[PDB]
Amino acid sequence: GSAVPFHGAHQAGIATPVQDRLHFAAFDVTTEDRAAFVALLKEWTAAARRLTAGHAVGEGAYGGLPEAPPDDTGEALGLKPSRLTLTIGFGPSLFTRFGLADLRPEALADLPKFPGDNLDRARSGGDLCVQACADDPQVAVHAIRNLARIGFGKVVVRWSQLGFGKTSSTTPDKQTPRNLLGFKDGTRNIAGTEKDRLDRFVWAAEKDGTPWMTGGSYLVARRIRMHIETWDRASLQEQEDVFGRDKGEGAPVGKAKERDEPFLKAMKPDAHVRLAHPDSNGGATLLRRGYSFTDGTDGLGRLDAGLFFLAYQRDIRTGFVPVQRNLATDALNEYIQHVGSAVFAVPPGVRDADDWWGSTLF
C-alpha cells in the first residue's frame, strides 16, 4: 500500500516493480498556444505529486465553497497510495506543433508495417500518453480522470486501455505472472536492480544525439488480440512447442527449472523464445511491462481476450523493430493479431519540487 517516490533522474513506472493494475490513456492536444500547454504540464506535475502520495488534488474533495465544484472528484478518499506511478510520453505527432519540429528525436522512429497487422486507426497513435499503474484500480481511474479534467479545453482523450492483471516482471525474486494462454510471461526480462543493463538497453544517453532526452526512454505499445477458441483446442505438445518452454514450470525445453538458461538449438526453429532471444537478434534486449485485458464478448458467443504489450528501450530502431521483424515466422502468429499501435518519447525524471514534466524539451 506504500508510495513510490515521484522525483528522480528517471520517471518511475519503468524499472519500478510491476503493479497489479493498469490504466493507460492517449491524449490529443487541442490548443495552439505554447504558453498554455506549458502551464498545463506544470499543473499536471503538481497534481501528480499529490496523487502519488495519496493526497487529493488542489484544495481537496470537500469542505470548500458549497457553490463551486470540488477540485478533486473524491472517489479515492480514504485509500492508500497503492504504489501509484504516473509516466508521461510524447508522440511523434506532438512535434508538428509549438515549433518543435527540429527537436524530434531520431530514436523516436515510426514503425514499419508488419505482416499480419490489422491496426485500428482510432485506437492507435496519440500526441501524448499517461501510463497509470497501481495495485488498486480505483486509485488508477481516479488519477486519469482528474488529469483529464484539469486538461479540459487543452487536451482530449483519444483512446484508453485498462489492464486487469499484469503479464510482466521487473522483480525476478517474485513469482512470474501468467498470461491468458496459461504461460509464465516475464522470466527473462530486465530487473529493476540491474543498473548496468538499464544503462545499456533502456535509458537514453547524451551521446545518442538528443540532449533533452538524456535519462528518458522510448515506449512501444501494441494491442494484441488472442484467438483463444483456436488455442484452447490445441494439444499440450502444440502449446509447448510454440514457446519452447513447458507449461507447468515454464522451464526451457529439456530443463527442470524456470530460470535455467535456454538452450536454443533444442527448440523448434519457429519457437517464440528462440526467435525473440537477444542471441538471435544481435544482442537486442527489451524491458517488457505489459498487462492482460478482456473487453466483454466478441458478439459471436465467446469471451474477448488480449494482451496490451508495452516495451521500453534506448532506441526503437535497435530494440523493438529488429525483434518484431525476426518474429515474422513465429509459431505464435497463428494465435494472435496486432490491432493497435503507438510510439512515445518518455522524457527524463522530475528532478525536484521546482521541476516539471517536459521541462528539458520546453
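Rigid core here is just the name for the largest C-alpha set that superposes within 1.5 Å across the two forms. The numbering used is simple: start at 1 and walk along the sequence shown.
Undergrad: Superpose by the rigid core and compare 296-304 with 60-68; which one moves more, by C-alpha RMS, in 6 other deposited structures of this protein?
TA: Relative to the shown form, the greater RMS C-alpha distance in 6 other deposited structures of this protein belongs to 296-304.
Undergrad: Determine, for 186-194 and 171-179, which one has C-alphas that on average lie farther from this form in 6 other deposited structures of this protein; superpose on the rigid core first.
TA: Taking the RMS over all superposed structures in 6 other deposited structures of this protein, 171-179 lies farther out.
Undergrad: Quick check: 16-24 versus 347-355, which has the larger average CA B-factor in the record?
TA: The stretch with the larger mean CA B-factor is 347-355.
Undergrad: Averaging C-alpha B-factors over each stretch, which comes out higher, 276-284 or 181-189?
TA: Looking at the recorded C-alpha B-factors, 276-284 comes out higher on average.
Undergrad: Among 311, 327, 307, 35, single out the one with the highest C-alpha B factor in the record, please.
TA: When the deposited C-alpha B-factors of 311, 327, 307, 35 are compared, 35 is largest.
Undergrad: Between 218, 212, 243, 164, let me know which has the highest C-alpha B-factor in the entry?
TA: Highest CA B-factor of the listed options: 212.
Undergrad: Please place residue 231 in the lowest, middle or highest third of its chain according to the CA B-factor in the PDB entry.
TA: Lowest third of the chain for residue 231's C-alpha B-factor.
Undergrad: In terms of the chain's CA B-factor thirds, is residue 91 lowest, middle or highest?
TA: Its C-alpha B-factor, which the entry lists for residue 91, ranks in the middle third among residues of this chain.
Undergrad: When the deposited Cα B-factors of this chain's modelled residues are ordered and cut into thirds, is residue 332 in the lowest, the middle or the highest one?
TA: Bottom third by C-alpha B-factor.
Undergrad: Select lowest, middle or highest to describe the third in which the CA B-factor of residue 58 falls within its chain in this entry.
TA: For residue 58, whose C-alpha B-factor we compare with every modelled residue in the chain, the answer is the highest third.
Undergrad: Classify residue 136 as lowest, middle or highest third according to the C-alpha B-factor given in the PDB entry, relative to its own chain.
TA: For residue 136, the deposited C-alpha B-factor lands in the lowest third.
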